[PDB]
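A.B. asks: One structure follows; several queries about it will come next.
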Amino acid sequence: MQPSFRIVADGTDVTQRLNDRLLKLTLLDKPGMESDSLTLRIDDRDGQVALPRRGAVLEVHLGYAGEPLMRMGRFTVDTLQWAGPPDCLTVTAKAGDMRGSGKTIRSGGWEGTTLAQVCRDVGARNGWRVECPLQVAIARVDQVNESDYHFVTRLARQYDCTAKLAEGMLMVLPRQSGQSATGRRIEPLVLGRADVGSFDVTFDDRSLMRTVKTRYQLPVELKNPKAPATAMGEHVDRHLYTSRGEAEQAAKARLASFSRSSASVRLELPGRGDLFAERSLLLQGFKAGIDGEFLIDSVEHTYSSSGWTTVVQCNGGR
Amino acid sequence: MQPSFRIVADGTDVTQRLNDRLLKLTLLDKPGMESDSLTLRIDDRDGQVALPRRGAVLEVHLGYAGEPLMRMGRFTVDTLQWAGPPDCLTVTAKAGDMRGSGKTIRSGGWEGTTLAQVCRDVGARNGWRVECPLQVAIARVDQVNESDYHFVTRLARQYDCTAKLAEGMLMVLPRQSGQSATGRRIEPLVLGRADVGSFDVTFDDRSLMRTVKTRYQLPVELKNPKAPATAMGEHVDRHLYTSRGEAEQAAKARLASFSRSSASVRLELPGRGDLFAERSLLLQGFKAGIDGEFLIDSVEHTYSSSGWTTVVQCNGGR
Amino acid sequence: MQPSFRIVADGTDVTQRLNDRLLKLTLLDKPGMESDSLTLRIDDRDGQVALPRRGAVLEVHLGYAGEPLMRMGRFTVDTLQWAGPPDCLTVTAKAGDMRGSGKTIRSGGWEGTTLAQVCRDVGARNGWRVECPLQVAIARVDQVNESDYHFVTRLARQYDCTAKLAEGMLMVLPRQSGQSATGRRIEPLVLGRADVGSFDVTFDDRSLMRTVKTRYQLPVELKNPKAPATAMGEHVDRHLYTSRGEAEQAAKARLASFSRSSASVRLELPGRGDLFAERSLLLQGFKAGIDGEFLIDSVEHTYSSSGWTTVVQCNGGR
């Protein structure tokens, strides 16, 4: 049991003095509303570590000494702090390598003959946009007049692409891939009582759907699902906004976002590195209404003076 | 001095093992924005308490052993949690018995010949709506074109019925009764120094009205009160939204909601159970500008390993 | 080293018993969104200090005993609290003397021939408005149709005058003067390592502009700056709202509000009283990318049982 780390800087970030002078770490794997985020805390002997390149690519490997290190991601430095008497730092770093916190704010609008989530990310984001090679494997028949009027281009994925017209979208910024949820890639795990430090296995019935109904064009109708993984309920009818042709099948989007809050674990673990936001967990060795699949929201790998606390949050993956 | 409790489950919630395995409690009596809320914390001897019926009616009685227990309310379980090493629970439960967190989201719109707060709750909520037998004793002449366009039916009480067109409304979800404030029922009390644990007797002059002026139909006028329980002020003119015929007398609504923040106590007590959100307090035994009536906002009855902390918050009841 | 204080009440607030019975203090010097704020904490020997005049003018002097006291400001009491067993108070007080938390809510609209920030504060706020003698030294050619439709008159400075059409505005409520930033008055200082208790020297690249582009009238164009004190960037294009003639030069407003978050120190000091929101700091004796000018956001002078903690926050003053 001995954690180690390899911070590949690919240049003159610091002259590999980060191996000597770390104090803590955090990580994330967030599909929702944010990217990943390194944190560093670096000593000073009255000034030894210069302010690094704000926009330097960092490659991070974690794991134990005497074991092969896991793929952890690649990062680019955005924000920097300092401290008082101990002279700390917080060299934080976000996901995208070729584009970090710059050159992503070129927006526009699309025409009617644009197949959505093909002509939005595969066919539109390759012409020097937010993050180029990310793709969506949804290729449904979409010939609706659709455009971003004026949205921030990382909120333009949210107001029209990957939250409202999601139908389960991930928009995970690292590794340049925004997929859907419910397990596009075959990765199971097994957890028990003899692995886990703590829990928060919550449940909500404020956010139970029983039906999901949407809105259509004015010349206004609705198409609904009738079993949101529950048979104990009869009727719930909720509406937020209108639509033209997008919510003809995007009632499946609200099947997720209310039932993702229906069951949510938050369990702490010592260091594995076998934990990502696209993998499902089989929480074995628990009580009656807990055992089952859970899609992992976020994994928070940390160093400290204590070790690893890889906090894993999840949603109800049915 | 010995607190006791009777949790009547009226079914197979748990087989009365809750009498053996509690750890804490909370309660509320909230007129504003929420219902009441039980909390429970229940042991596990590596799994003894199964996950209860999410929607089981619970009747709660509190008080001391050797005294008659007080009416505390009836509750239906919505949310459930867990914990780490000690294996806790939070079996929380909201107000309404026949309708808890389900089957309340059927909305609609009304016509012009609808007397407001009679044809809204007495004459509209009896046809299988949010919570059926709750009534409003305001029967004023209201022949205005009024309708909910699309509101959540518990926010439809707030955006159009019991906050904007309130004139003092309570909308207290337990016991199926949403009344007005300023004491429709004759219940006084007396408190002193020898009863109370702590205080927070706040005051605000950021939210002092001196007049209250509203808006009318376009073919726009205003009718105002000139003494919001103060004579030290001269002029304050505030407007938020327009109205058709509702704010002809709903300038009395803003007389409350700014002067409810004018004086607000928050005093802790040991266990009584004689404290509800509809009762006025006479805080005797205090300083000069404190003694007087106070309508109770919320009462928070708790168990612990310490005992009772019945936190009582109030507003300025003039 | 002995802090002293002179609370000039100019009347029968308390009979100078505040010199005997204080416990703590806070102050502010906030240009943004708030005024200054005293706090007091006053003992009770079961009731000795009556509730003071809510609207009594207080003059505050601070500094050390044996030194001339500094100008700290004048204040008017608004909010009051109490406490539990120790019987505290929080006699808080805001900036304006002639107008505190009252008689400031008279609004209106202006015509086309109104030179902005002359006919808005110098030529409009002298007719019994929010705070009378405050002035703006910006006298640019503004013949645009401009009016407040219905804004709160302290938000009417924010939605149209000193945040959106700011171009660096301060709107500092004490001493009746709302100026622009970037040092209209010649006041430098020098700080080092041997003066300062702690730090938070943050940086942000989420809020870096590279260009700043605005919007115009419909018969829509843009005029932009191309160097927001950076040469490491190439293109950032951000838009929020349209304009008629105001954002012809108000692209300089967004040059500040994004680069004010680009560098932000927050350093604690023992008591000086030589620190105001309009003064620039020269943080000497530090590392490479820290040394330079910093416009002070806010100074927080406090008493305690420990002494002074004059927390000084700043922005990047280029």
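Each chain in the structure tokens gets a letter, A, B, ..., in the order shown, and its residues are numbered from 1; ligands are numbered from 1 in order too.
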From a DSSP pass on the backbone, collect the residues of region 174-306 of chain A flagged as strand (DSSP E) and hand them back as an mmCIF file with N, CA and C atoms, in the first residue's frame.
C.D. replies:
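Here's the written file out_24.cif:
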data_model
loop_
_atom_site.group_PDB
_atom_site.id
_atom_site.type_symbol
_atom_site.label_atom_id
_atom_site.label_comp_id
_atom_site.auth_asym_id
_atom_site.auth_seq_id
_atom_site.Cartn_x
_atom_site.Cartn_y
_atom_site.Cartn_z
ATOM 1 N N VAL A 190 -18.311 -5.156 -9.003
ATOM 2 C CA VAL A 190 -18.914 -5.765 -7.819
ATOM 3 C C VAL A 190 -18.341 -5.078 -6.587
ATOM 4 N N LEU A 191 -19.216 -4.537 -5.739
ATOM 5 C CA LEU A 191 -18.819 -3.950 -4.467
ATOM 6 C C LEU A 191 -19.571 -4.635 -3.337
ATOM 7 N N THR A 202 -29.551 7.585 -0.844
ATOM 8 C CA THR A 202 -30.755 8.384 -0.700
ATOM 9 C C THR A 202 -31.860 7.871 -1.615
ATOM 10 N N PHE A 203 -33.076 8.346 -1.361
ATOM 11 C CA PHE A 203 -34.213 8.094 -2.231
ATOM 12 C C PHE A 203 -35.091 9.336 -2.233
ATOM 13 N N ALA A 263 -32.904 7.230 -6.908
ATOM 14 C CA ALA A 263 -31.976 6.468 -6.083
ATOM 15 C C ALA A 263 -30.576 6.986 -6.348
ATOM 16 N N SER A 264 -29.865 7.364 -5.288
ATOM 17 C CA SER A 264 -28.565 8.010 -5.455
ATOM 18 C C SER A 264 -27.677 7.602 -4.286
ATOM 19 N N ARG A 266 -23.814 7.460 -2.481
ATOM 20 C CA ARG A 266 -22.594 8.267 -2.430
ATOM 21 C C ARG A 266 -21.654 7.569 -1.449
ATOM 22 N N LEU A 267 -20.809 6.693 -1.977
ATOM 23 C CA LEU A 267 -20.056 5.756 -1.159
ATOM 24 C C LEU A 267 -18.568 6.033 -1.291
ATOM 25 N N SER A 280 -21.227 0.920 -14.623
ATOM 26 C CA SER A 280 -22.313 0.567 -13.721
ATOM 27 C C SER A 280 -21.781 -0.280 -12.572
ATOM 28 N N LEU A 281 -22.356 -0.088 -11.388
ATOM 29 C CA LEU A 281 -21.964 -0.822 -10.193
ATOM 30 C C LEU A 281 -23.049 -1.811 -9.794
ATOM 31 N N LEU A 282 -22.629 -2.981 -9.328
ATOM 32 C CA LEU A 282 -23.526 -3.967 -8.735
ATOM 33 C C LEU A 282 -23.227 -3.993 -7.244
ATOM 34 N N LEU A 283 -23.998 -3.230 -6.478
ATOM 35 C CA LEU A 283 -23.805 -3.122 -5.035
ATOM 36 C C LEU A 283 -24.343 -4.383 -4.382
ATOM 37 N N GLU A 293 -28.258 -2.366 -10.241
ATOM 38 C CA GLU A 293 -27.356 -1.566 -11.053
ATOM 39 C C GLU A 293 -27.423 -0.098 -10.651
ATOM 40 N N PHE A 294 -26.288 0.585 -10.775
ATOM 41 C CA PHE A 294 -26.213 2.018 -10.513
ATOM 42 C C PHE A 294 -25.194 2.633 -11.457
ATOM 43 N N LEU A 295 -25.641 3.563 -12.293
ATOM 44 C CA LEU A 295 -24.717 4.303 -13.139
ATOM 45 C C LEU A 295 -23.981 5.334 -12.300
ATOM 46 N N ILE A 296 -22.658 5.362 -12.418
ATOM 47 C CA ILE A 296 -21.832 6.238 -11.596
ATOM 48 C C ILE A 296 -21.918 7.664 -12.126
ATOM 49 N N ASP A 297 -22.375 8.589 -11.280
ATOM 50 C CA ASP A 297 -22.250 10.003 -11.609
ATOM 51 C C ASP A 297 -20.793 10.430 -11.662
ATOM 52 N N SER A 298 -20.116 10.436 -10.517
ATOM 53 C CA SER A 298 -18.821 11.085 -10.416
ATOM 54 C C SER A 298 -17.913 10.317 -9.474
ATOM 55 N N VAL A 299 -16.628 10.305 -9.807
ATOM 56 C CA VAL A 299 -15.591 9.693 -8.989
ATOM 57 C C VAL A 299 -14.615 10.790 -8.595
ATOM 58 N N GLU A 300 -14.302 10.884 -7.306
ATOM 59 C CA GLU A 300 -13.462 11.962 -6.787
ATOM 60 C C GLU A 300 -12.200 11.373 -6.166
#
A.B. asks: Would you pick out the contacts of residue 100 (chain B) at 8 Å or less, using only C-alpha atoms, so that residues sharing its chain but fewer than 2 positions from it are not included, and give the list as a list in words?
C.D. replies: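 The filter keeps residues 55, 76, 77, 78, 94, 95, 96, 97, 98 and 102 of chain B.
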A.B. asks: Residues as selected, N, CA, C and O atoms, written as a short mmCIF file (atom, residue, chain, number, x, y, z; two decimals), in the first residue's frame, can you do that?
C.D. replies:
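The resulting file, again.cif, is shown below:
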data_model
loop_
_atom_site.label_atom_id
_atom_site.label_comp_id
_atom_site.auth_asym_id
_atom_site.auth_seq_id
_atom_site.Cartn_x
_atom_site.Cartn_y
_atom_site.Cartn_z
N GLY B 55 -45.07 5.78 1.24
CA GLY B 55 -46.46 6.16 1.10
C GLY B 55 -47.33 5.50 2.16
O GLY B 55 -48.53 5.31 1.95
N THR B 76 -47.05 10.86 5.87
CA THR B 76 -46.85 9.83 4.86
C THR B 76 -45.41 9.86 4.36
O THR B 76 -44.93 10.91 3.92
N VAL B 77 -44.76 8.69 4.36
CA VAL B 77 -43.32 8.59 4.12
C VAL B 77 -43.01 8.88 2.66
O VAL B 77 -43.62 8.31 1.75
N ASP B 78 -42.03 9.76 2.42
CA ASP B 78 -41.55 10.02 1.07
C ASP B 78 -40.10 9.62 0.86
O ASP B 78 -39.82 8.79 0.00
N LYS B 94 -44.07 13.63 4.85
CA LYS B 94 -44.71 14.91 4.64
C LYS B 94 -46.16 14.86 5.11
O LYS B 94 -46.61 13.89 5.72
N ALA B 95 -46.93 15.91 4.81
CA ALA B 95 -48.15 16.20 5.56
C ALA B 95 -49.33 15.34 5.15
O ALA B 95 -49.91 14.63 5.98
N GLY B 96 -49.72 15.40 3.88
CA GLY B 96 -51.06 14.95 3.48
C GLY B 96 -51.20 13.44 3.49
O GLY B 96 -50.33 12.71 2.99
N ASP B 97 -52.31 12.96 4.05
CA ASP B 97 -52.54 11.52 4.20
C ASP B 97 -53.01 10.88 2.91
O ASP B 97 -52.39 9.95 2.40
N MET B 98 -54.15 11.35 2.38
CA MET B 98 -54.71 10.79 1.16
C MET B 98 -53.84 11.10 -0.06
O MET B 98 -53.85 10.34 -1.03
N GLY B 102 -47.66 12.27 -4.40
CA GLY B 102 -48.17 11.71 -5.64
C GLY B 102 -49.60 12.14 -5.90
O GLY B 102 -50.35 12.49 -4.98
#
A.B. asks: Hey, which bits of chain A sit within 12 Å of chain B, and for each residue what's the closest pair of atoms and how far apart in Å (one decimal), counting only C-alpha atoms, rows by chain and increasing number, as CSV?
C.D. replies:
residue,atom,partner,partner_atom,distance
A:193,CA,B:84,CA,10.0
A:194,CA,B:85,CA,11.6
A:196,CA,B:84,CA,8.7
A:197,CA,B:84,CA,6.9
A:198,CA,B:84,CA,4.0
A:199,CA,B:84,CA,4.6
A:200,CA,B:83,CA,5.4
A:201,CA,B:82,CA,5.2
A:202,CA,B:81,CA,4.2
A:203,CA,B:80,CA,5.2
A:204,CA,B:79,CA,4.9
A:205,CA,B:78,CA,5.3
A:206,CA,B:101,CA,5.6
A:207,CA,B:101,CA,8.4
A:208,CA,B:102,CA,7.9
A:209,CA,B:102,CA,8.8
A:210,CA,B:102,CA,8.8
A:211,CA,B:103,CA,10.8
A:212,CA,B:105,CA,11.7
A:213,CA,B:105,CA,12.0
A:232,CA,B:54,CA,9.8
A:233,CA,B:102,CA,7.9
A:234,CA,B:103,CA,7.6
A:235,CA,B:103,CA,6.0
A:236,CA,B:105,CA,6.1
A:237,CA,B:105,CA,6.1
A:238,CA,B:105,CA,7.1
A:239,CA,B:150,CA,8.0
A:240,CA,B:150,CA,8.6
A:241,CA,B:150,CA,10.0
A:242,CA,B:150,CA,11.6
A:261,CA,B:79,CA,11.0
A:262,CA,B:79,CA,9.3
A:263,CA,B:81,CA,9.5
A:264,CA,B:81,CA,9.3
A:265,CA,B:82,CA,9.0
A:266,CA,B:83,CA,9.7
A:267,CA,B:84,CA,8.4
A:268,CA,B:84,CA,9.1
A:269,CA,B:84,CA,11.5
A:285,CA,B:46,CA,10.8
A:286,CA,B:47,CA,8.7
A:287,CA,B:47,CA,6.8
A:288,CA,B:50,CA,7.2
A:289,CA,B:51,CA,6.8
A:290,CA,B:51,CA,9.3
A.B. asks: Please measure the separation of CA of residue 169 (chain B) and CA of residue 217 (chain B), giving the value in Å to one decimal.
C.D. replies: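 Atom-to-atom, CA of residue 169 (chain B) and CA of residue 217 (chain B) are spaced 24.2 Å apart.
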A.B. asks: Apply DSSP to the structure's backbone, then extract all residues of region 19-266 of chain A labelled alpha helix (DSSP H) and return them as a compact mmCIF listing (two decimals) with N, CA and C atoms, in the first residue's frame.
C.D. replies:
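Generated file (out01.txt):
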# COMPACT_ATOMS: atom_id res chain seq x y z
N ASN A 19 6.76 16.32 -8.57
CA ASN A 19 6.92 15.02 -7.92
C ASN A 19 7.41 15.18 -6.49
N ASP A 20 8.07 16.30 -6.19
CA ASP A 20 8.66 16.50 -4.88
C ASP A 20 7.74 17.28 -3.95
N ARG A 21 6.91 18.17 -4.50
CA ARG A 21 6.29 19.22 -3.71
C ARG A 21 4.77 19.18 -3.66
N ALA A 156 -25.02 26.00 -25.00
CA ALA A 156 -25.77 25.62 -26.19
C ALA A 156 -25.85 24.11 -26.34
N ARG A 157 -24.92 23.37 -25.73
CA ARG A 157 -25.10 21.94 -25.58
C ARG A 157 -26.16 21.63 -24.53
N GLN A 158 -26.38 22.54 -23.60
CA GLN A 158 -27.29 22.26 -22.49
C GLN A 158 -28.71 22.75 -22.74
N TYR A 159 -28.87 23.96 -23.29
CA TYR A 159 -30.22 24.47 -23.51
C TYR A 159 -30.94 23.80 -24.68
N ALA A 251 -39.73 12.63 -24.54
CA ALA A 251 -40.33 12.25 -23.27
C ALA A 251 -39.49 11.21 -22.55
N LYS A 252 -38.63 10.49 -23.28
CA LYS A 252 -37.65 9.60 -22.67
C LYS A 252 -36.55 10.35 -21.95
N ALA A 253 -36.36 11.64 -22.26
CA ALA A 253 -35.37 12.44 -21.54
C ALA A 253 -35.80 12.70 -20.10
N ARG A 254 -37.08 13.02 -19.89
CA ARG A 254 -37.59 13.24 -18.55
C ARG A 254 -37.82 11.95 -17.79
N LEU A 255 -37.77 10.79 -18.46
CA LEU A 255 -37.78 9.52 -17.74
C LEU A 255 -36.49 9.34 -16.95
N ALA A 256 -35.38 9.87 -17.46
CA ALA A 256 -34.11 9.75 -16.76
C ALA A 256 -34.00 10.77 -15.63
N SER A 257 -34.14 12.06 -15.97
CA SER A 257 -33.74 13.16 -15.09
C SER A 257 -34.57 13.27 -13.82
N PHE A 258 -35.75 12.64 -13.78
CA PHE A 258 -36.48 12.54 -12.52
C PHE A 258 -36.18 11.25 -11.78
N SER A 259 -35.93 10.16 -12.50
CA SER A 259 -35.59 8.88 -11.89
C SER A 259 -34.10 8.72 -11.62
A.B. asks: How far is it from CA of residue 167 (chain A) to CA of residue 189 (chain A), in Å with one decimal?
C.D. replies: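 Taking CA of residue 167 (chain A) and CA of residue 189 (chain A), their separation equals 24.8 Å.
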A.B. asks: For the atom pair CA of residue 170 (chain A) and CA of residue 136 (chain A), what is the interatomic distance in Å to one decimal place?
C.D. replies: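 Going from CA of residue 170 (chain A) over to CA of residue 136 (chain A), I get 9.7 Å.
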A.B. asks: Would you mind listing what lies within 7 Å of residue 62 (chain C) as an MDAnalysis selection string, with only C-alpha atoms counted and same-chain residues fewer than 3 positions away left out?
C.D. replies: chainID C and resid 4:6 69:70 72
A.B. asks: I need the residues from that last selection saved to file as a short mmCIF file (atom, residue, chain, number, x, y, z; two decimals), in the first residue's frame (with N, CA, C and O atoms), if you can.
C.D. replies:
data_model
loop_
_atom_site.label_atom_id
_atom_site.label_comp_id
_atom_site.auth_asym_id
_atom_site.auth_seq_id
_atom_site.Cartn_x
_atom_site.Cartn_y
_atom_site.Cartn_z
N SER C 4 -8.77 52.22 20.17
CA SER C 4 -9.79 53.04 20.79
C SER C 4 -10.83 53.39 19.73
O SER C 4 -10.65 53.11 18.54
N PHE C 5 -11.91 54.02 20.16
CA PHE C 5 -13.04 54.28 19.29
C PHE C 5 -13.84 55.46 19.84
O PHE C 5 -13.94 55.63 21.05
N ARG C 6 -14.40 56.26 18.94
CA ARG C 6 -15.27 57.38 19.31
C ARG C 6 -16.53 57.28 18.47
O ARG C 6 -16.51 57.54 17.27
N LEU C 69 -7.10 59.59 15.18
CA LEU C 69 -8.04 58.61 14.66
C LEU C 69 -8.36 58.90 13.20
O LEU C 69 -8.33 60.05 12.77
N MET C 70 -8.65 57.85 12.44
CA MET C 70 -8.89 58.01 11.02
C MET C 70 -10.36 58.30 10.74
O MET C 70 -11.25 57.99 11.54
N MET C 72 -13.61 57.29 9.36
CA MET C 72 -14.17 55.98 9.12
C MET C 72 -15.54 56.01 8.47
O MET C 72 -15.91 55.04 7.80
#
A.B. asks: Neighbouring residues of region 115-118 of chain A were defined as those with any atom within 12 Å, considering only C-alpha atoms; residues of the same chain fewer than 2 positions away were excluded. Please report them as JSON, numbers by chain.
C.D. replies: {"A": [110, 111, 112, 113, 120, 121, 122, 123, 124, 125, 126, 134, 135, 136, 137, 138, 139, 140, 141, 142, 143, 144, 145, 146, 147, 157, 160, 161, 162, 165, 166, 167, 169, 171, 178, 179, 180, 245, 246]}
A.B. asks: Find the spatial neighbours of residue 10 (chain C), counting only C-alpha atoms, within a cut-off of 10 Å - ignore same-chain residues fewer than 2 positions away - and output them as a compact mmCIF listing (two decimals) with C-alpha atoms, in the first residue's frame.
C.D. replies:
# COMPACT_ATOMS: atom_id res chain seq x y z
CA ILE C 7 -18.92 56.74 18.44
CA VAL C 8 -20.43 60.21 17.94
CA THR C 12 -29.95 60.73 22.49
CA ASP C 13 -29.08 57.41 20.90
CA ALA C 56 -30.13 57.64 14.36
CA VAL C 57 -27.00 59.10 12.76
CA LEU C 58 -23.80 57.56 14.13
CA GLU C 59 -20.32 58.92 13.43
